[PDB]
Amino acid sequence: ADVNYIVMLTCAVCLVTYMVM
Amino acid sequence: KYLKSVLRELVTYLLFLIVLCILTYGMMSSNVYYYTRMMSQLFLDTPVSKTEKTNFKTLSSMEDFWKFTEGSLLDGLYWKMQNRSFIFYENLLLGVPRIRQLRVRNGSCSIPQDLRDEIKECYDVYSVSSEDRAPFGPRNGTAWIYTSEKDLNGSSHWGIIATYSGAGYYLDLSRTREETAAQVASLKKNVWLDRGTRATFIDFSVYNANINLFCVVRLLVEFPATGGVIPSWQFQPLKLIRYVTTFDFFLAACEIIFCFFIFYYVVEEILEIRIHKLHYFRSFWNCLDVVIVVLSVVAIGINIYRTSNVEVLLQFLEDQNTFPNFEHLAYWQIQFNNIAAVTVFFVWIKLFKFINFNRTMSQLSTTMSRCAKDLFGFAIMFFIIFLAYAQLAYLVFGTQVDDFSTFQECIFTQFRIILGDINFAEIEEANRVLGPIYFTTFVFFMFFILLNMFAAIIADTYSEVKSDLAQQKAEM
Amino acid sequence: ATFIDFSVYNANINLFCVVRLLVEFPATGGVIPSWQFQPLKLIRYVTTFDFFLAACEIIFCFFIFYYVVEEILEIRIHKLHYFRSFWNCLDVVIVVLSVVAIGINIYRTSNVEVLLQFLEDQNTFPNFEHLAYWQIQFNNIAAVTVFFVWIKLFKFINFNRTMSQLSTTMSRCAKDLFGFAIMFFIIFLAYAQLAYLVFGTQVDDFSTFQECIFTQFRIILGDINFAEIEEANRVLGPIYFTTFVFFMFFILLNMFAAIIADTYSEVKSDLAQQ
Amino acid sequence: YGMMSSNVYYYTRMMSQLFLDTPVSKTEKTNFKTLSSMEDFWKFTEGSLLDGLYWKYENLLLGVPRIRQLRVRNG
Amino acid sequence: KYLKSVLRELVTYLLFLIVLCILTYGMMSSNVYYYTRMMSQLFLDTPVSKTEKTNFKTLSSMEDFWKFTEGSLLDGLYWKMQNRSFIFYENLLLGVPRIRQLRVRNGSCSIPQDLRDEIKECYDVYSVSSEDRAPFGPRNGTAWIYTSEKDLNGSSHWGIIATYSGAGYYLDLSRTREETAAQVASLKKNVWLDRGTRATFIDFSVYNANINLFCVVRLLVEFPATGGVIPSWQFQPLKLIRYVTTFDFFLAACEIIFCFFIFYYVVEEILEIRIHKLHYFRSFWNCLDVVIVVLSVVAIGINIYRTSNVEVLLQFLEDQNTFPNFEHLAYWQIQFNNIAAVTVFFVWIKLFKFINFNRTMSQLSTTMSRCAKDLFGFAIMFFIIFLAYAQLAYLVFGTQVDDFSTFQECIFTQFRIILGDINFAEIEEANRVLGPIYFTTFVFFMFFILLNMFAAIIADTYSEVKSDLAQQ
Amino acid sequence: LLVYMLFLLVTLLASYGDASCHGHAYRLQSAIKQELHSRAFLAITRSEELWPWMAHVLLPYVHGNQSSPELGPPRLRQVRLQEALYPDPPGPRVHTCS
Amino acid sequence: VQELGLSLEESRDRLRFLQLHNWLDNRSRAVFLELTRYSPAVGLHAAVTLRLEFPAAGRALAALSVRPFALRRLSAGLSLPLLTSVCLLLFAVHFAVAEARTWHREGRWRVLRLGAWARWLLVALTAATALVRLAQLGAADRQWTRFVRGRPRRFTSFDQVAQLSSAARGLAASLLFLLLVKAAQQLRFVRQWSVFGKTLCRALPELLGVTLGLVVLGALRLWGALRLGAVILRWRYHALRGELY
Ligand SMILES: *[C@@H]1O[C@H](CO)[C@@H](O)[C@H](O)[C@H]1NC(C)=O
Ligand SMILES: *[C@@H]1O[C@H](CO)[C@@H](O)[C@H](O)[C@H]1NC(C)=O
Ligand SMILES: *[C@@H]1O[C@H](CO)[C@@H](O)[C@H](O)[C@H]1NC(C)=O
């Protein structure tokens with residue numbers, strides 16, 4: 001049940017930059 | 001016209017509010033507080049023994065847990081009635097208590113081969129995939145044989161460290177102290193709580209026939225993989241034999257009336273969802289109605305599901321020499337209370353839809369409404385810096401302060417600093433240089449520089465609204 | 001329940017003392033102790049100042065008679081629309097409270113001769129609970145009366161132009177303050193009911209509704225504890241705390257400031273212009 | 001101002017300390033503010049109450065104390 | 001032109017403020033307030049005896065007061081050595097304490113005709129016209145001698161509940177415990193005081209050899225004729241042995257320089273008065289200069305009085321068996337506080353004069369002229385409500401709260417409630433009703449109305465001043 | 001905007017990339033201080049109770065059957081400065097160091 | 001330094017024998033007591049030290065501190081901190097060259113401009129964050145190899161790694177805080193929400209000036225005690241919003 005933050009942060013940044021763009 | 005409709009819409013709301021107020025008064029008595037207080041003070045305040053000054057709340061070692069489980073626990077459980085065991089000569093201890101633990105297996109993690117020559121075994125943090133299931137010790141009874149969660153009729157708990165399962169190695173204590181003490185001594189003699197254990201649960205229940213109201217007790221001790229002892233507790237005053245008195249019949253009738261009222265509201269809302277206007281979400285007085293209806297429907301669903309299955313109480317009453325299982329009922333009672341409190345709070349907030357009877361209230365409502373947009377606009381900017389400060393505090397201080405331990409605690413402590421409650425003397429030793437710099441800059445910026453913007457916006461909006469309203473009246 | 005009580009004289013300093021020790025046994029088990037102590041002095045004849053205080057009391061009665069006769073002869077003038085002044089519906093409160101105080105005092109001192117005849121310490125329990133009870137009401141009545149008579153100095157002090165400006169600022173905005181306080185208290189009671197439903201049985205600070213209200217007032221003052229709120233409910237507790245703090249210290253409080261500020265500015269501008 | 005002396009508060013506080021702060025017995029620490037059981041109430045009844053009542057603080061009792069009980073019925 | 005008068009004056013004021021700050025830097029220690037608070041707090045810790053523990057506030061009845069009197073009532077100052085009696089080898093047995101008590105006489109009035117045989121000891125309030133010098137008891141020694149206060153090197157009393165005159169009797173301790181204990185035991189055998197005493201004052205002078213500075217302790221007790229006694233105690237750091245090193249010379253030079261500067265300023269003002277606009281008070285800004293001159297004159301007078309007291313006190317220490325008479329120079333700490341306040345005021349005046357160089361960062365903070373008084377109308381109406389609440393709280397409470405025992409500290413309790421320190425643990429059970437009502441109606445009317453109007457009163461002033469500046 | 005987003009992603013990876021042992025470090029340090037009796041070790045103010053302290057609560061900790069794996073023997077240090085001082089006048093200490 | 005023995009009974013014997021000689025009783029400026037606490041369950045180390053100070057011969061001052069960290073060597077390969085701490089250097093170089101390409105482009109007199117100084121603080125912070133992590137990795141690797149070289153008899157004092165691992169984490173948090181502040185500043189592009197930032201911009205100078213004036217006159221709460229800042233903010237916001245409309 002251990003969570004890896006790397007993929008979460010990467011996807012969040014991609015989605016945010018897509019929204020602003 | 002425009003007045004006959006509002007009159008009916010107000011009288012029905014007043015009737016619904018009266019019914020809800022009676023219902024919520026009927027469920028919140030005054031004896032439960034003292035009942036819980038006496039239970040907690042009996043079990044969580046008395047020291048382990050006459051010499052030691054540590055209670056359950058201040059457990060600090062695995063040896064202290066063994067010292068507590070024989071002594072204060074047995075003193076609280078079994079009282080010599082002037083056989084059965086009445087807790088305060090009033091509260092009856094029904095059934096027998098049960099103790100169980102969750103443990104992991106050796107070799108769960110992997111020590112590096114560089115220093116493998118000195119470390120022999122390791123035990124990782126608790127996880128479902130890495131929990132032990134093999135027998136150990138003398139291997140006679142249920143305390144040394146793994147039992148599945150399905151056979152124990154348990155559920156998860158969501159403890160402080162993690163979310164434990166319901167399985168483990170359990171043992172049902174006896175009905176008298178002279179045998180429970182012997183069983184606990186036998187469990188202590190052989191090593192039953194070694195380094196591999198992760199959690200331990202103790203639970204029981206009482207009835208207190210004077211007022212028909214149960215009380216379930218659960219005590220949890222957590223052993224993190226990094227060492228230490230983390231205690232926890234929970235007392236829940238259940239009630240499962242409701243229909244005894246006339247007031248109980250009255251409360252049932254009130255519940256039925258509330259169900260009728262919520263049905264009528266859902267009908268009258270689905271009536272106007274399309275007829276009067278389709279896709280009307282710009283009112284905020286109809287988006288509240290759907291929230292009320294949804295919350296009330298969930299509340300009735302939870303209530304009807306919880307009370308429909310009480311077979312555990314009956315099957316216990318068939319033979320009262322076994323451990324009663326009342327965990328799920330307490331959990332659902334907590335959930336029902338949580339839902340009902342929010343529902344009644346929104347019902348009370350709904351009252352604002354009618355207080356427009358004169359010009360003074362109308363202008364205040366107009367001022368509040370017109371200033372919502374820019375307040376919302378500024379709130380985002382304020383909260384960006386607020387969360388930046390929160391994450392800075394969590395990263396820098398969040399490991400040696402006990403107050404910035406997690407992000408939520410950082411949010412709450414910043415809110416408290418806004419109130420001017422939390423002193424600053426516990427941060428300089430945590431960090432000499434950046435601590436007071438953080439405190440000073442945060443108070444300087446958020447305390448008046450970014451805080452009086454809300455007041456300025458509200459004052460300007462109210463002044464201009466009042467000026468415009470006065471001007472238009474004179475112009476007419 | 002169990003009641004233990006007695007009476008005490010203490011000949012050294014002439015001050016009686018009636019006690020009452022109460023121990024309660026709730027149906028859930030346990031003991032709830034309580035107590036009350038009330039000193040009493042019923043001599044009032046010790047020096048030359050006894051007649052001084054008697055003269056003070058009789059001249060106070062004369063003042064009260066003068067005030068009540070003045071009010072009743074004023075009633076010989078316009079009867080209604082007399083209450084929309086706030087300086088005439090308060091003077092009747094003054095006289096009625098003072099008359100109640102005089103009546104309660106004369107009633108209390110009427111039954112005193114029974115008190116003296118126990119210094120012999122006879123074999124009989126004295127029933128002294130009425131005298132203690134009537135010494136509590138009198139103090140409260142006197143305190144409220146002196147409070148209101150101290151308040152009633154504004155009607156004389158506002159003849160100064162700056163005092164008049166402040167009084168006009170206060171009077172011209174009272175309706176708005178009441179109207180907004182209605183909404184403020186609706187929100188306050190909603191939050192109090194929420195807290196009482198959630199933290200009813202665990203915090204001891206939300207044991208009853210009035211205690212919830214006082215706890216919220218202390219929260220506004222800045223006396224949160226938050227050590228037990230978080231542990232009583234890991235969720236929906238911090239939510240309540242954060243939402244209450246935000247809505248109070250960020251939105252609701254500033255409306256009073258806006259109302260007072262623009263009312264004062266408007267009043268002073270109009271006064272100067274006129 | 002005349003009807004408010006200074007002795008009342010000191011006397012009340014002294015009585016409270018005499019009757020509520022002293023331990024019930026020289027062997028335990030439960031004063032009147034921390035009763036927890038009927039046995040403790042009895043110990044107080046033979047204990048601090050008698051000591052503070054018939055003292056060797058220098059006040060004198062008048063009349064005679066009375067103890068009263070309220071109770072309910074079975075079933 | 002039009003710039004020297006705003007630059008040279010500001011520079012001179014800043015230099016004077018700097019000189020005053022330098023002088024005050026080595027005047028009093030930074031822990032003076034804490035030391036004074038500790039001295040005031042620990043002035044009522046006298047036990048009774050080995051039998052009873054009746055303290056000062058626990059000894060009002062017969063046996064409690066008897067136990068308090070018999071014991072260590074006079075053994076606090078004298079301690080056995082490891083003669084001399086030094087508690088910590090800092091205040092040795094050099095001198096003895098003094099006690100002064102003022103009394104009055106009864107029978108100065110006529111009893112009522114009805115109570116002629118009932119009222120005999122009917123005595124009114126003590127006053128100057130009620131002074132008596134009648135001694136009672138057997139004349140065996142010199143402890144019952146009649147004397148005044150002017151010839152005994154003393155002063156008045158200035159009590160709390162009774163400001164009696166200098167009449168009465170005086171008592172002196174010894175230089176050793178052996179004689180003091182015997183004298184105390186002999187005095188305690190029989191009666192030692194009557195009920196007619198009006199004011200009592202115990203003055204103690206200590207050398208305090210650890211740090212060269214005179215120490216004086218005063219304890220006041222006054223009993224009125226209307227019932228009740230108001231006790232109080234305080235300490236004052238008297239300055240009489242300040243001459244130790246070159247620091248004293250530097251302080252004297254600073255005082256001389258300040259006096260010369262004050263004289264020069266007075267001469268300049270006089271030369272700019274008779275030949276300029278005189279007897280003018282319609283400026284509303286020159287009052288600051290007048291107050292500065294008055295403060296300088298007060299400081300000069302305080303320094304002159306201190307010098308006179310030091311010169312008069314130089315005749316002491318003639319013998320090694322007497323006490324240091326410090327009952328004439330007990331205004332040193334107050335003088336130092338006044339000097340610090342004067343220095344702060346001078347710094348404020350210099351800053352106000354030099355802030356004119358700011359373009360717009362100080363022009364909005366200069367609104368005293370626009371707000372000439374314009375604000376006492378709020379202070380009066382706030383203090384009336386404050387006193388009304390204080391009276392209400394002191395009446396309804398004050399018997400079972402342990403806090404609202406007297407008015408002067410009820411004011412402090414309400415102030416602490418405003419500041420944020422709320423107890424609310426004793427109000428609720430003191431009175432279940434009208435107790436919470438007081439708290440709620442106090443917080444509502446303080447935090448939502450008055451403190452919220454005092455913001456608007458200065459807001460509108462700022463807006464008005466800004467409008468004037470913009471229009472100009 | 002793209003450059004700013006890339007820089008934000010880089011700094012988030014640098015900062016919160018390993019932000020899963022942050023809680024474990026807190027629990028570890030809390031466990032260590034409580035076991036050594038930190039409040040008891042700070043309570044001592046004389047130079048003689050140190051020995052019974054580290055003779056009943058430190059040695060069982062560092063040396064034991066399992067006793068909280070160590071990875072390295074402890075050390076003891078000293079400084080004496082060879083300019084030996086003298087006791088100060090009684091009362092509060094000179095909190096400026098001499 | 002003393003090694004405090006190796007065995008439990010050896011520890012007691014050494015303690016008694018060395019304690020009967022009074023080696024740290026007379027002068028004893030400080031003693032110090034530090035040890036390591038590696039934990040395998042979470043893969044974390046802990047540098048524990050216990051300081052005890054003797055300012056005045058008689059009274060002793062004591063304190064302690066426990067610094068947990070994660071020992072990760074530079075030679076472990078291409079760990080995430082190594083990857084993320086070298087592209088940060090590239091970003092710092094890019095920012096520096098971009099600002100130098102503007103310095104000479106505009107000529108001189110580029111001082112007294114916040115944009116000309118806020119772009120150098122960022123460069124310095126990024127460079128410091130990049131370099132401190134590399135220093136921590138190198139120090140950790142050096143200490144670990146030194147320890148493995150002499151494991152049964154050496155101590156190696158891992159406290160430096162714990163210091164660097166906290167300095168780097170502080171710098172990385174400060175940089176993210178600055179980025180979040182910049183993101184908050186970038187919110188002005190909404191037409192109706194551009195008023196707040198520019199009102200703050202016009203309000204800060206005089207506000208700081210008058211706060212300095214008040215603090216010079218006096219740390220008592222006067223400003224935020226009841227209200228003054230709202231007064232100026234309201235006037236400036238009202239005037240600017242009136243100009244905007
Ligand atoms: C667990 O397994 C490891 C690996 O061999 C061993 O060293 C250790 O002793 C085992 N634990 C127990 C309790 O037997
Ligand atoms: C386990 O079973 C054996 C066999 O009956 C019995 O002798 C023993 O007492 C039991 N308990 C333990 C701890 O061995
Ligand atoms: C679990 O299963 C059922 C509960 O419905 C019960 O009959 C059984 O005895 C339970 N087992 C235990 C060990 O409690």
# chains A, B, ... in the order shown; residues from 1 in each chain; ligands from 1
>>> residues_near_ligand(ligand="ligand 2", cutoff="9 Å", atoms="only C-alpha atoms and all ligand atoms", output="PyMOL selection string")
chain B and resi 137-141+186-187+189-190
>>> residues_near_ligand(ligand="ligand 3", cutoff="12 Å", atoms="only C-alpha atoms and all ligand atoms", output="compact mmCIF listing (two decimals) with N, CA and C atoms, in the first residue's frame")
# COMPACT_ATOMS: atom_id res chain seq x y z
N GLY B 95 -20.68 -10.78 29.14
CA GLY B 95 -19.74 -11.53 28.34
C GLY B 95 -18.36 -11.58 28.99
N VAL B 96 -17.34 -11.76 28.16
CA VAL B 96 -15.96 -11.80 28.63
C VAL B 96 -15.10 -10.94 27.71
N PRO B 97 -14.04 -10.31 28.21
CA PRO B 97 -13.17 -9.51 27.35
C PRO B 97 -12.31 -10.38 26.46
N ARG B 98 -11.80 -9.77 25.39
CA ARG B 98 -10.97 -10.45 24.41
C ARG B 98 -9.75 -9.60 24.09
N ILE B 99 -8.60 -10.25 23.98
CA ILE B 99 -7.34 -9.58 23.65
C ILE B 99 -6.74 -10.28 22.43
N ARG B 100 -6.25 -9.50 21.48
CA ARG B 100 -5.64 -10.04 20.27
C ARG B 100 -4.53 -9.11 19.81
N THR B 142 -5.87 -20.67 20.70
CA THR B 142 -6.09 -19.63 19.70
C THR B 142 -5.09 -18.49 19.84
N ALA B 143 -4.46 -18.33 21.00
CA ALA B 143 -3.47 -17.27 21.17
C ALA B 143 -2.19 -17.53 20.39
N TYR B 146 -2.86 -18.51 13.98
CA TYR B 146 -3.40 -17.41 13.19
C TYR B 146 -4.84 -17.71 12.80
N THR B 147 -5.70 -16.70 12.94
CA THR B 147 -7.11 -16.83 12.61
C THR B 147 -7.49 -15.75 11.61
N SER B 148 -8.16 -16.17 10.54
CA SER B 148 -8.51 -15.27 9.45
C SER B 148 -9.49 -14.20 9.92
N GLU B 149 -9.47 -13.06 9.23
CA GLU B 149 -10.38 -11.97 9.57
C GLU B 149 -11.83 -12.37 9.36
N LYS B 150 -12.10 -13.21 8.36
CA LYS B 150 -13.46 -13.65 8.10
C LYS B 150 -14.01 -14.51 9.22
N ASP B 151 -13.18 -15.37 9.82
CA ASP B 151 -13.63 -16.21 10.92
C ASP B 151 -13.79 -15.45 12.23
N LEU B 152 -13.03 -14.37 12.42
CA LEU B 152 -13.15 -13.57 13.64
C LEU B 152 -14.30 -12.58 13.59
N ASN B 153 -14.96 -12.43 12.44
CA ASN B 153 -16.09 -11.51 12.29
C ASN B 153 -15.71 -10.09 12.69
N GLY B 154 -14.52 -9.66 12.28
CA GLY B 154 -14.02 -8.34 12.58
C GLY B 154 -13.97 -7.44 11.35
N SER B 155 -13.31 -6.29 11.53
CA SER B 155 -13.17 -5.31 10.47
C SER B 155 -11.93 -4.47 10.75
N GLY B 166 -8.46 -7.20 10.89
CA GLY B 166 -9.24 -7.76 11.97
C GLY B 166 -8.78 -9.13 12.40
N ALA B 167 -7.79 -9.68 11.70
CA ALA B 167 -7.28 -11.01 12.00
C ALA B 167 -6.29 -10.93 13.16
N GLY B 168 -5.56 -12.02 13.41
CA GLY B 168 -4.53 -12.05 14.42
C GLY B 168 -4.72 -13.22 15.35
N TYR B 169 -3.93 -13.22 16.43
CA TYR B 169 -3.99 -14.25 17.45
C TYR B 169 -4.75 -13.70 18.65
N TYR B 170 -5.90 -14.28 18.94
CA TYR B 170 -6.79 -13.78 19.98
C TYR B 170 -6.89 -14.78 21.12
N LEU B 171 -7.38 -14.30 22.26
CA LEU B 171 -7.61 -15.12 23.43
C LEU B 171 -8.72 -14.49 24.26
N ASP B 172 -9.72 -15.29 24.60
CA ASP B 172 -10.87 -14.84 25.37
C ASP B 172 -10.57 -15.04 26.85
N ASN B 309 -30.17 -5.04 11.34
CA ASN B 309 -29.37 -6.22 11.67
C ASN B 309 -28.81 -6.13 13.08
N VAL B 310 -29.54 -6.69 14.04
CA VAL B 310 -29.11 -6.72 15.43
C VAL B 310 -29.02 -8.17 15.89
N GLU B 311 -28.75 -9.07 14.94
CA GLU B 311 -28.69 -10.49 15.25
C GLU B 311 -27.55 -10.82 16.21
N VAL B 312 -26.52 -9.97 16.27
CA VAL B 312 -25.41 -10.22 17.18
C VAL B 312 -25.88 -10.16 18.63
N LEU B 313 -26.71 -9.16 18.96
CA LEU B 313 -27.20 -9.04 20.32
C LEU B 313 -28.07 -10.23 20.71
N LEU B 314 -28.95 -10.67 19.80
CA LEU B 314 -29.79 -11.82 20.10
C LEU B 314 -28.95 -13.09 20.27
N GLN B 315 -28.02 -13.34 19.34
CA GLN B 315 -27.21 -14.55 19.42
C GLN B 315 -26.31 -14.53 20.65
N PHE B 316 -25.95 -13.34 21.13
CA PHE B 316 -25.26 -13.27 22.41
C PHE B 316 -26.20 -13.59 23.56
N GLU B 318 -28.67 -15.55 23.59
CA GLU B 318 -28.94 -16.98 23.69
C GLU B 318 -27.99 -17.66 24.67
N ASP B 319 -26.71 -17.29 24.62
CA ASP B 319 -25.70 -17.84 25.53
C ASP B 319 -24.73 -16.73 25.88
N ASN B 321 -21.99 -16.60 27.69
CA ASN B 321 -20.64 -16.98 28.10
C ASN B 321 -19.60 -16.71 27.02
N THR B 322 -19.97 -15.98 25.97
CA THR B 322 -19.08 -15.69 24.86
C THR B 322 -18.91 -14.19 24.70
N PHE B 323 -17.90 -13.82 23.93
CA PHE B 323 -17.58 -12.41 23.72
C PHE B 323 -18.58 -11.76 22.78
N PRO B 324 -19.30 -10.72 23.20
CA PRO B 324 -20.17 -9.99 22.27
C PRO B 324 -19.35 -9.20 21.26
N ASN B 325 -19.92 -9.05 20.06
CA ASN B 325 -19.26 -8.36 18.96
C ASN B 325 -20.09 -7.13 18.60
N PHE B 326 -19.70 -5.97 19.13
CA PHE B 326 -20.46 -4.73 18.96
C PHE B 326 -19.66 -3.65 18.25
>>> interface_residues(of="chain F", to="chain E", cutoff="10 Å", atoms="only C-alpha atoms", output="short mmCIF file (atom, residue, chain, number, x, y, z; two decimals) with N, CA, C and O atoms, in the first residue's frame")
data_model
loop_
_atom_site.label_atom_id
_atom_site.label_comp_id
_atom_site.auth_asym_id
_atom_site.auth_seq_id
_atom_site.Cartn_x
_atom_site.Cartn_y
_atom_site.Cartn_z
N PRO F 89 31.04 34.65 42.17
CA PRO F 89 30.27 35.09 43.33
C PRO F 89 28.91 34.44 43.35
O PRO F 89 28.33 34.13 42.29
N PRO F 90 28.35 34.19 44.54
CA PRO F 90 27.09 33.45 44.64
C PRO F 90 25.94 34.21 44.00
O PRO F 90 26.01 35.40 43.71
N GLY F 91 24.85 33.47 43.78
CA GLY F 91 23.68 34.01 43.13
C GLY F 91 23.51 33.47 41.72
O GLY F 91 24.01 32.39 41.39
#
>>> interface_residues(of="chain D", to="chain B", cutoff="12 Å", atoms="only C-alpha atoms", output="mmCIF file with N, CA, C and O atoms, in the first residue's frame")
data_model
loop_
_atom_site.group_PDB
_atom_site.id
_atom_site.type_symbol
_atom_site.label_atom_id
_atom_site.label_comp_id
_atom_site.auth_asym_id
_atom_site.auth_seq_id
_atom_site.Cartn_x
_atom_site.Cartn_y
_atom_site.Cartn_z
ATOM 1 N N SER D 36 -14.607 10.023 45.162
ATOM 2 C CA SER D 36 -14.750 9.060 44.080
ATOM 3 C C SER D 36 -15.565 7.827 44.436
ATOM 4 O O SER D 36 -15.889 7.052 43.529
ATOM 5 N N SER D 37 -15.912 7.614 45.704
ATOM 6 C CA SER D 37 -16.651 6.425 46.099
ATOM 7 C C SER D 37 -17.380 6.696 47.408
ATOM 8 O O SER D 37 -17.102 7.670 48.110
ATOM 9 N N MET D 38 -18.330 5.812 47.724
ATOM 10 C CA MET D 38 -19.068 5.929 48.977
ATOM 11 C C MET D 38 -18.150 5.740 50.179
ATOM 12 O O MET D 38 -18.336 6.381 51.219
ATOM 13 N N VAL D 72 -34.334 6.638 46.015
ATOM 14 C CA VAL D 72 -35.418 6.167 45.167
ATOM 15 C C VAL D 72 -35.768 4.734 45.563
ATOM 16 O O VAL D 72 -35.134 4.131 46.428
ATOM 17 N N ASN D 74 -36.874 0.587 44.683
ATOM 18 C CA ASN D 74 -36.488 -0.532 43.835
ATOM 19 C C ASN D 74 -37.524 -0.761 42.739
ATOM 20 O O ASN D 74 -38.724 -0.553 42.930
ATOM 21 N N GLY D 75 -37.042 -1.199 41.578
ATOM 22 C CA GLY D 75 -37.923 -1.484 40.460
ATOM 23 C C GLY D 75 -38.630 -0.268 39.909
ATOM 24 O O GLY D 75 -39.801 -0.358 39.527
#
>>> residues_near_ligand(ligand="ligand 1", cutoff="9 Å", atoms="only C-alpha atoms and all ligand atoms", output="list in words")
residues 105, 106, 107, 108, 119, 120, 121, 122, 194, 195 and 196 of chain B
>>> write_last_selection(atoms="N, CA, C and O atoms", output="short mmCIF file (atom, residue, chain, number, x, y, z; two decimals), in the first residue's frame")
data_model
loop_
_atom_site.label_atom_id
_atom_site.label_comp_id
_atom_site.auth_asym_id
_atom_site.auth_seq_id
_atom_site.Cartn_x
_atom_site.Cartn_y
_atom_site.Cartn_z
N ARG B 105 6.57 -11.11 10.37
CA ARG B 105 7.51 -12.21 10.37
C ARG B 105 8.93 -11.71 10.18
O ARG B 105 9.17 -10.63 9.62
N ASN B 106 9.89 -12.51 10.66
CA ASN B 106 11.29 -12.17 10.50
C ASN B 106 11.70 -12.29 9.03
O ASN B 106 11.08 -13.00 8.24
N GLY B 107 12.77 -11.58 8.68
CA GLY B 107 13.18 -11.53 7.29
C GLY B 107 12.22 -10.77 6.40
O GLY B 107 12.26 -10.93 5.18
N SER B 108 11.34 -9.96 6.99
CA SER B 108 10.39 -9.19 6.20
C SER B 108 11.10 -8.15 5.34
O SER B 108 10.78 -7.99 4.16
N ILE B 119 23.78 -7.49 12.17
CA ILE B 119 22.33 -7.53 12.28
C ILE B 119 21.85 -8.91 11.83
O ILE B 119 22.23 -9.39 10.76
N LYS B 120 21.03 -9.55 12.66
CA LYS B 120 20.55 -10.90 12.39
C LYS B 120 19.14 -10.94 11.82
O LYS B 120 18.88 -11.73 10.91
N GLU B 121 18.23 -10.11 12.32
CA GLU B 121 16.84 -10.15 11.89
C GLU B 121 16.30 -8.73 11.80
O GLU B 121 16.85 -7.80 12.40
N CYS B 122 15.21 -8.57 11.04
CA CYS B 122 14.54 -7.28 10.94
C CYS B 122 13.04 -7.52 10.83
O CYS B 122 12.59 -8.62 10.49
N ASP B 194 6.77 -10.23 21.57
CA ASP B 194 8.16 -10.08 21.21
C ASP B 194 8.32 -8.88 20.29
O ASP B 194 7.40 -8.07 20.12
N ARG B 195 9.50 -8.74 19.69
CA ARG B 195 9.78 -7.60 18.83
C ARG B 195 8.93 -7.61 17.56
O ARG B 195 8.81 -6.57 16.90
N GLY B 196 8.34 -8.74 17.21
CA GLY B 196 7.59 -8.85 15.97
C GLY B 196 6.16 -8.34 16.02
O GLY B 196 5.51 -8.27 14.97
#
>>> closest_residue(among="C:96, C:183, C:13, C:32", to="chain E", atoms="only C-alpha atoms")
C:13
>>> closest_residue(among="B:129, B:363, B:113, B:165", to="chain G", atoms="only C-alpha atoms")
B:113
>>> interface_residues(of="chain G", to="chain B", cutoff="6 Å", atoms="only C-alpha atoms", output="list in words")
residues 41, 170, 173, 177, 184, 224, 230, 233 and 234 of chain G
>>> residues_around(residues="range 65-71 of chain D", least_positions_apart="5", cutoff="12 Å", atoms="only C-alpha atoms", output="ChimeraX atom specification")
/C:1-8,18-27,121-128 /D:45,49-50,53-54
>>> residues_around(residues="residue 73 in chain G", least_positions_apart="6", cutoff="9 Å", atoms="only C-alpha atoms", output="PyMOL selection string")
chain G and resi 79+136-142+144
>>> residues_around(residues="range 5-17 of chain A", least_positions_apart="4", cutoff="12 Å", atoms="only C-alpha atoms", output="ChimeraX atom specification")
/A:21 /F:1-21 /G:80
